[PDB]
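Inside the fold
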Amino acid sequence: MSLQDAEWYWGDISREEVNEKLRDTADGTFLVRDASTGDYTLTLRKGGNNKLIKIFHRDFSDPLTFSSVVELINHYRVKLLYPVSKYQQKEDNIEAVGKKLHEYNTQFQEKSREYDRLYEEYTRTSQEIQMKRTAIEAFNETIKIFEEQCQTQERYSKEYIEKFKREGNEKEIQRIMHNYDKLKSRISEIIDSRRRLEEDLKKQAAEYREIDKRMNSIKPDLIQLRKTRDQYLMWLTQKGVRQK
Amino acid sequence: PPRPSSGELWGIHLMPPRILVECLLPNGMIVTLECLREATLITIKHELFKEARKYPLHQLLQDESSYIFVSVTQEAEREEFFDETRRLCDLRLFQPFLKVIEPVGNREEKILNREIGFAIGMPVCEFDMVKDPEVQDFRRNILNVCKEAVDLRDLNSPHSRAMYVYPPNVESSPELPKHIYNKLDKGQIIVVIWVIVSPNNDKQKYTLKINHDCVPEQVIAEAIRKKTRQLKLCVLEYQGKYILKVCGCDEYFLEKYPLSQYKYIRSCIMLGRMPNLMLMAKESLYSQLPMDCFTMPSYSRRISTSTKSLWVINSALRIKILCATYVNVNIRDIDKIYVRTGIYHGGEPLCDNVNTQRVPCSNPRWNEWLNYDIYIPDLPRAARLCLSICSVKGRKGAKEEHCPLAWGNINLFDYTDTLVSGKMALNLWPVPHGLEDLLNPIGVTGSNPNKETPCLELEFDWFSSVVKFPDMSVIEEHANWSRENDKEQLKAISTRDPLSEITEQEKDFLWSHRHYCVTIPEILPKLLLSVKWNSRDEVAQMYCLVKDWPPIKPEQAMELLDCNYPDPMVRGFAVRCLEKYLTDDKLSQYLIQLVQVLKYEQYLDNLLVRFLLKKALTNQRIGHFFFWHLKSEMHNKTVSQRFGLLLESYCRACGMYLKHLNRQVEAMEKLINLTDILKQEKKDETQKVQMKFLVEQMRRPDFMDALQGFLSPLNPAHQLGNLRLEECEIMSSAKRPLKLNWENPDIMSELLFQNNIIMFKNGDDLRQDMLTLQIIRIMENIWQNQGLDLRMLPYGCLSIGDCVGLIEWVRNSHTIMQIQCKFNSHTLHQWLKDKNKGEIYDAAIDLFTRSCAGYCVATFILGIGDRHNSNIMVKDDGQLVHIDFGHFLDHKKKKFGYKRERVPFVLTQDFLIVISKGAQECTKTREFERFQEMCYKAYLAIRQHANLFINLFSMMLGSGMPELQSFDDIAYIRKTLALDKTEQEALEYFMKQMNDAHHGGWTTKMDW
Ligand SMILES: C[C@@H]1COCCN1c1cc(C2(S(=O)(=O)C3CC3)CC2)nc(-c2cccc3[nH]ccc23)n1
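Numbers given for residues start from 1 on each chain and follow the written sequence, which can depart from the numbering in the entry; residues without coordinates are excluded. Chains carry letters from A onward and ligands carry numbers from 1 onward, assigned in written order. Excluding hydrogens and water, the side-chain values take into account all heavy atoms of the structure. Residues with missing side-chain atoms are left out of burial classes, side-chain pairs and their counts.

What the entry reports as its method is X-ray crystallography, with 2.5000 Å given for the resolution.

Counting from the N terminus, the helices are the DSSP runs of H or I reaching at least four residues and the strands are the DSSP runs of E reaching at least two. Within chain A, the regular secondary structure consists of 4 helices and 5 strands. Helices and strands appear in chain A in the N-to-C order β-α-β-β-β-α-β-α-α. Taking 2.2 N^0.38 as the reference for a compact globule, 244 residues should give roughly 18 Å; the C-alpha atoms of chain A span a radius of gyration of 37 Å, well beyond that estimate. With respect to the three principal axes, the spread of C-alpha positions in chain A is 120 × 50 × 30 Å. Using C-alpha atoms as the atom set, the radius of gyration is obtained and then compared with a globule rule of 2.2 Å times the number of residues to the power 0.38.

Okay, the sheet that holds strand β5 (residues 97-101) of chain B next. Strands are treated as partners if at least two bridges between them are detected by DSSP. Spatially, 5 strands are ordered β2-β1-β5-β3-β4 (chain B) in an open sheet, and the strand pairing comes out mixed. Both edges of this open sheet fall to β2 (30-36) and β4 (78-81) of chain B, since each of them pairs with a single strand only. When the angles between neighbouring strand axes are averaged without regard to direction, this sheet yields 35°. As paired strands, strand β3 (residues 68-72) of chain B and β5(B) are joined by 3 bridges and run antiparallel to one another. Paired with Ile68(B) across the two strands is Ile101(B), which belongs to β5(B). Working rule for contacts: check all heavy atoms of both residues, and any pair within 4.5 Å makes them a contact. Inter-axis angles, ranging from 0 to 180 degrees, are taken between N-to-C directions of lines fitted to C-alpha atoms, where helices are fitted over the stretch in contact. Its contacts with the sheet put helix α3 (residues 95-165) of chain A on β1 (18-24), β2, β3, β4 and β5 of chain B, and the angle it makes with β5(B) is roughly 50°.

A few words now on the interface of chain B and chain A. Listed per partner, the contact involves 70 residues of chain B and 68 residues of chain A. Top element by residues in the side of chain B that touches chain A is strand β18 (residues 399-411) of chain B. It accounts for 4 residues. Note on residue categories: nonpolar means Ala, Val, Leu, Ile, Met, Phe, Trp, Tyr, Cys or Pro, charged means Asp, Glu, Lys or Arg, and polar means any other residue, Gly included. Per-class residue counts for the side of chain B that touches chain A are 33 nonpolar, 15 polar and 22 charged.

Let's shift gears to the packing of aromatic side chains. Note on aromatic contacts: the rings of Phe and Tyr and the six-membered ring of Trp form a pair at centre separations within 6.5 Å, being stacked when their planes are under 30 degrees apart, edge-to-face when over 60 apart, and tilted otherwise. Under the definition given, this model contains 33 aromatic pairs over all chains. On the basis of an interplanar angle of 80° and a centroid distance of 5.3 Å, the ring pair of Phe139(A) and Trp10(B) is categorised as edge-to-face. One end of the pair, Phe139(A), is in helix α3; the other, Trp10(B), is in the segment before β1, on a second chain. On the accessibility criterion, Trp10(B) (32% relative accessible area) is partly exposed. Seen in terms of ring centroids, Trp407(B) and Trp429(B) are 6.2 Å apart; in terms of plane orientation they differ by 20°. Their pairing is stacked. Separated by 22 residues along the polypeptide, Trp407(B) in strand β18 and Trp429(B) in the loop between β19 (423-427) and β20 (455-459) bring together distant segments of the chain. Note on exposure labels: buried denotes an accessible area under 20% of the residue type's maximum, exposed denotes more than 50%, and partly exposed covers the range between, all computed with a 1.4 Å probe on protein chains only.

Turning our attention to the domain arrangement of chain A. Domain start and stop points were drawn from an automatic or database domain assignment. Under the domain assignment used here, chain A contains domain 1 (7-89) and domain 2 (90-244). Relative placement of domain 1 of chain A and domain 2 of chain A: their C-alpha centres are 50 Å apart.

This part covers the sheet that holds strand β26 (residues 755-762) of chain B. Residue and element names in this part refer to chain B. One open sheet accounts for 5 strands, arranged β24-β25-β26-β28-β27; its pairing is antiparallel. Each edge of the sheet is formed by a strand with only one pairing partner; in this case those strands are β24 (729-730) and β27 (797-801). Bridge count between strand β25 (residues 738-743) and β26: 6 bridges; the pairing is antiparallel. Across the sheet, residue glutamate 743 finds its bridge partner in β26, namely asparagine 755.

Residue and element names in this part refer to chain B. With their axes 12 Å apart at the nearest point, helix α26 (residues 767-785) and helix α33 (residues 946-954) run at an angle of 160° to one another. Considering their axes alone, α26 and α33 lie roughly antiparallel with respect to each other. Note on packing geometry: the crossing formed by α26 with α33 is right-handed. Of the residues in α33, those in contact with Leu771, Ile775, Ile778, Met779 and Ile782 of α26 are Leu948, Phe949, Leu952 and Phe953. Considering only residue class, the contact of α26 with α33 consists of 9 nonpolar, no polar and no charged. Just so you know how the angles are binned, under 35 degrees is roughly parallel, over 145 roughly antiparallel, 65 to 115 roughly perpendicular, and the rest oblique. If you view the pair so one helix is near and one far, a crossing is left-handed when the near helix is turned anticlockwise from the far one by less than a right angle, and right-handed when it is turned clockwise.

Right, here's the structure in full:
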């Protein structure tokens, strides 16, 4: 019962570092640290929450019946099941740890710069797809109107086609059908422009799915790279001269 | 939907000078007419009906006056063009075509709905189509608020009309800080009152020595007496025949407040500037005011298109995860997928998170009932189901990486208090950039409106009927059935910051003394956190305590509106405190935050949205920023429906301000289009060429119509008159922002500013800079009210859209590098000496030192991006200006892992030489010792107001900034302000940080 060399005692580490350690952990996971204010704060994982249970000393409760911290923790070890050990588990010296840190920090910035790039493409592509969907909904409405114009021309011209055929005015009949040709050919241009956009959107939708796939692939590899980098840094901080 | 760009047509930013238009006549004929891009509909319609006679079936065509044009807009809407004075290029057409129709329906309403839809950048018609009953109920029920506000505006006309348009720009307290009162000679203000005298409009000035506490009427009185006079002087008739205005802007003194309480006057005293006012007649202002009339919309004439208690349901909670349509994962990179779920009250789980079994990527099917460690009657009113599809890969040791792919949140009870039942289909959202947590409980509730996304099928329990949450009478029922060293402990907890650790012991302690708590009402946030929300027993009891709970200061109430307090009772109490104690000054000061917490609300209809909308509709200064904060977020699909509906009701009841807002919106759209051309088609073009294009475009009648004669979105009291085109420029930087210059058209502009200068930015997100500058203004305000004149000069910054914003251009400012470029270390001091020769030198060194102290403290606390000679600017008069703040808090901790607090603003020798007035060994001087004291005082003033800052930041967690995503991100402010320490230890910490950064020089007096 050393109480300093103990695995669950982390000493000078903040509440936020504790929250990172107890993230998604099972009920009964715990660790002890120096208070944020000597005094000691025990943090216990219960009901997806991290409970802070303060440790008092004068010689936790109204009468402090425990001699040392280990005796209090072990008595309860709603039960103190899984302790967060200070055993992460490579290089013995400082020249080797630094050379590895530099290797990982280099990898971390390249992956991070690549992720950022991917994210700009993700955002650009999402926006473009939204732009195309609005434009297709606008072509849809445009075609309806142009088709309604055919219906109107038909509705009207039928009575005039008879009235001009009985009058033998072949020149005027040709005028009306030249207009109908102009109208129907325009609807063809609008329909094919909608068609070209629908295939442009189909391709871009696929390109979005591929960017999304690539980002879900690098996100955990980037997180782990940062975790190892931060670990080598902490090791180098610890295995070096420390003071104010 | 909202338009893809600000272009004149789809995929064409600017129409050519002449353009061919397809004109679909009502007789079925199609005519191709060539039109000028700036031609109006009046012109085009006349030219069309002339050409139409040269076409078949023209005998069927009625008079050109019986028709209107309709077409498809970039918003995919078919719009009827009743306003034929509009120009072709301004129509926002999808394709260049126009259809001739006969105007039908309610003309008046169609016109208003188009005006509303234009202001919001979304067609009003889209809301009518929405199936959700919550939406249709919101649209109908909000009209109560609209009616009410409009009625209060005609209660005492025209005075109540003028009080809405021109609200008094006053401080929250009539009381003057001693450093402000000391600038007064026997408590008297020397004011200059101006008159515009008819018929030649001549300006006559009258200098008055009046008391600071003089109500505006009394100020008018002394000006009468100083003109006529007592020997024939007893005119009390002037009380209601004259009003005061500020020379150079639209700020009026319409209310009985001591003159010193008016911000313009309070600022004049502090700066020692003479207040230049303008006396004018009440009638000449009241006659400018139109009668604002609210019309009930057509949807208010229409209606929207067995029951058990929750407490009588004797079962546990369980949710059936059926399947997900798909996920976007590389099958070789990831092993399995699963659905992580949780039951939350705010951001805290009510029971442990429950996962489904792991399945293949290709097979997202579970058909699994997940069991929750919660009894159904114990489920609180604000309980939510937070879920996400996660991927898992275990390739390195026993270690496995867990990444979210898509998330979604849903309210377990609805706006009518009905518990969810049956099969439910939820479209999930993309994971926010920077979020690493597997759940997103801070995120919005409801299905993603994008249906081309992963859709998760769900199923809840059916209890043979409609389960409804218990009534307040039933809840009050369940609550009727369950000394000195403790009093000192209770006060100690109430003083602690909102993010301070609360131990389980302290929670059991606070809950035990829950009835004594009323003596210290400010402990309510600490007590609400001690409650076990997953226990119907404690909640029912909490509801009865809050019911009678004494009101708290708004600065404390604002906390109960953040994402940690989701309960409708708690939130209701908070809204009542604001209704009671929140002044229009403070509402204006924290509007960014109050608009942000609307996104944390479970439902569309709530007490917060009504209170805010009421205040927006009874104060046009509040209305202006309310509109601009909501409109800027309209591109964001997580809030576009909520913000669009709220903007519809605002625009329906704001009256004549809609016309002014529509002019601002159109001026802004012309600027977005212009800059969009420079960023795309003209990106690879020289400055000279770009400027040539800019001047040629701005010169166009449609551009000059739109960019001149409107109100400034930065300050609606500021009028933007004619554009001084010879002073407008595209900046040399890669972003290519615009420096725009407008004449101030006010009759007395020379007494304020002759020109209004604004930087228009399209491409960079300005929300973070807008927040940073807002935090500085708040800090500046705390300092002044504590007696410190650290002149910050927080210039205007406003985000107006998706990476679109405005920054107020500070006059005669130069970056430290500009000064140095045109050197040694005294170069800066020399520049300042040259610009402030003679008597005015002391004040320039004074100004530079105070602004320097203010910025040392502010940048240290906030941890903004490192300062250099290019992001620090100085004014000719000494005043320092910081620009381009970038990131804040601990942005660097994630990037380099180095755990510490930085000193963004390390004072260079160049800066020390200035503070020491040219001295050798600068840190020894009495100048540097005065500066150090200023810093210490500023730091402690903010530390004393820590709760406000922690709250303001907490109210932003769901905005979009990756350094402002969690509570563990606000932790930085807790370190820089050393909140877990004593005021003395905190001051020692600030001092050590300055010492370590500057390599000595920072001393003190232990007691002195
Ligand atoms: C408008 C403000 C204040 O008045 C003085 C000038 N000023 C500047 C001046 C500058 C310059 S510039 O013009 O060369 C370059 C933009 C082209 C570097 C000197 N940048 C900013 C800036 C940039 C990015 C984000 C920002 N958040 C706040 C200000 C700001 N602001």
